[PDB]
Structures are given as structure tokens and as C-alpha cells.
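This is structure16.txt. It holds compact mmCIF, C-alpha atoms.
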# COMPACT_ATOMS: atom_id res chain seq x y z
CA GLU A 1 -8.31 28.39 -6.65
CA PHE A 2 -7.11 24.96 -7.88
CA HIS A 3 -9.38 22.67 -9.95
CA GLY A 4 -8.74 19.81 -7.49
CA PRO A 5 -7.31 16.77 -9.37
CA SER A 6 -7.67 13.27 -7.87
CA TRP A 7 -4.12 11.97 -7.27
CA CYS A 8 -2.18 14.55 -5.15
CA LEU A 9 -4.23 14.44 -1.91
CA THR A 10 -5.12 10.70 -2.08
CA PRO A 11 -3.95 8.39 0.77
CA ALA A 12 -0.53 6.79 0.06
CA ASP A 13 -1.42 3.47 -1.64
CA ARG A 14 0.40 0.83 0.42
CA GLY A 15 -1.40 -2.53 0.06
CA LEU A 16 -1.25 -4.45 -3.26
CA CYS A 17 1.97 -6.06 -4.59
CA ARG A 18 4.60 -7.57 -2.23
CA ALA A 19 7.74 -5.42 -2.59
CA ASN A 20 9.37 -3.25 0.12
CA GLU A 21 10.18 -0.17 -2.03
CA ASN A 22 10.59 3.46 -0.87
CA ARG A 23 8.41 5.98 -2.78
CA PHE A 24 7.94 9.62 -1.68
CA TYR A 25 4.28 10.21 -0.66
CA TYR A 26 3.04 13.85 -0.52
CA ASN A 27 1.50 14.34 2.96
CA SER A 28 -1.52 16.70 2.83
CA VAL A 29 -0.94 17.73 6.49
CA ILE A 30 2.70 18.89 6.67
CA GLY A 31 3.15 19.23 2.87
CA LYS A 32 6.59 17.53 2.91
CA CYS A 33 6.85 14.31 0.86
CA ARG A 34 7.32 11.53 3.46
CA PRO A 35 8.96 8.35 2.00
CA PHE A 36 6.80 5.22 2.53
CA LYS A 37 7.34 1.52 1.69
CA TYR A 38 5.29 1.25 -1.53
CA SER A 39 4.06 -2.29 -2.31
CA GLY A 40 4.71 -2.00 -6.08
CA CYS A 41 2.32 -2.94 -8.92
CA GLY A 42 -1.15 -1.31 -8.77
CA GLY A 43 -1.95 1.83 -6.73
CA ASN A 44 -2.61 5.54 -7.38
CA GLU A 45 -0.54 7.78 -9.69
CA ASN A 46 1.24 9.71 -6.91
CA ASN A 47 4.23 7.38 -6.42
CA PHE A 48 7.28 9.67 -6.69
CA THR A 49 10.87 8.33 -6.54
CA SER A 50 12.64 11.57 -5.48
CA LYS A 51 11.75 14.66 -3.39
CA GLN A 52 12.53 17.49 -5.85
CA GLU A 53 9.87 16.06 -8.21
CA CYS A 54 7.21 15.62 -5.49
CA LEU A 55 7.41 19.31 -4.49
CA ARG A 56 7.90 20.56 -8.08
CA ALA A 57 4.70 18.65 -8.98
CA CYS A 58 2.04 19.17 -6.25
CA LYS A 59 3.68 22.39 -4.93
CA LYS A 60 5.13 23.72 -8.24
CA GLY A 61 7.43 26.58 -7.16

Structure re-expressed in C-alpha cells:
Amino acid sequence: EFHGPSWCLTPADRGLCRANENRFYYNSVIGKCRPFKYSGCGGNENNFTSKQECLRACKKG
């Protein structure tokens, strides 16, 4: 059904810069966006800052 992009089901990038942030990662198992300590610079393009945007993007309802 979906084309299958390459940045919504990728593993949460957490290993590059050195900053203890808090981005919302979309879990492909439960579907809910679980916040994770994002390193910072470098990583995939799925680093959300809120939860309403994470669901409105990969879920789109």
C-alpha cells in the first residue's frame, strides 16, 4: 500500500555527537513515538521534537 520511504522505520540514530537531548523516535513495534536521548549532529531524518508531529507524519490521521 505505501511506497516505503527510508526514514520512518529506521532505527533511532543514537551514536554520533555528544549531547543528551530528548527527540521523539517512532517505534515500529508499538507505533507510539518513544522519546530517546538523541546525540545531536548527524543521524537520520526522523528526529522529531514533539509527539503530535511524529504521529501526524508517519501515521497521518

Cut-off 12 Å around (-2.9, 4.4, -0.1) with all atoms listed in the file: residues as number ranges by chain: A: 7-16, 23, 25-27, 36-40, 42-47

Residue nearest residue A:52 - candidates A:22, A:32, A:1, A:6, atoms counted: only C-alpha atoms: A:32

Between atom CA of residue A:58 and atom CA of residue A:17, distance in Å (one decimal):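 Distance between the two atoms: 25.3 Å.
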
Gap from atom CA of residue A:24 to atom CA of residue A:49 - Å, one decimal: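 According to the coordinates, atom CA of residue A:24 and atom CA of residue A:49 are separated by 5.8 Å.
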
Atomic distance atom CA of residue A:19 - atom CA of residue A:31, expressed in Å with one decimal: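 The value is 25.7 Å.
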
Set up a box along x, y and z of the file covering all listed atoms of stretch 30-49 of chain A, add 3 Å on every one of the six sides, and write the centre and edge lengths in Å to one decimal, as JSON.
{"center_x": 4.1, "center_y": 8.1, "center_z": -1.5, "size_x": 19.5, "size_y": 28.2, "size_z": 22.4}

Selected residue, from A:21, A:2, A:60, A:29, that lies nearest to residue A:48 when counting only C-alpha atoms: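 Among the listed residues, A:21 lies closest to residue A:48.
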
Proximity to residue A:20 - best of A:41, A:55, A:3, A:50, all atoms listed in the file: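 Looking at the shortest contact to residue A:20, the residue is A:41.
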